[PDB]
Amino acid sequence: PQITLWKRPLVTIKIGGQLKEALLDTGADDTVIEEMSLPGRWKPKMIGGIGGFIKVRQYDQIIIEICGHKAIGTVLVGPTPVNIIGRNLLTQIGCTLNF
């Protein structure tokens, strides 16, 4: 698909058997999801930007379905104000910026 930027680019995702709404964010290096359980090992990480930093749990090799496109990668879980699909997963679905 082609997504315009008149509004926030929010899409439905499937992660850990749950349907969630997430923002396609080219400015984010990593994917960050609101608090939820994920299987496997995790390690702590700090991520930051506008407003400062937050502590998150880093889970590796997590499958996410974004607009019917399957992608696998690291998913950070923590107190984010919005679910964010960052570059680590946008590349896997072949997402590009065009102008």
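The first residue of the shown sequence is 1; numbering continues from there.
Mean CA temperature factor is higher for 67-75 when stretches 67-75 and 45-53 are set side by side in the entry. When the two stretches 27-35 and 58-66 are set side by side, the higher mean Cα temperature factor goes to 58-66. Annotation for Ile15: C-alpha temperature factor in the middle third relative to the rest of the modelled chain, per the entry.
The PDB entry assigns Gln92 a C-alpha temperature factor belonging to the lowest third of its chain's modelled residues.
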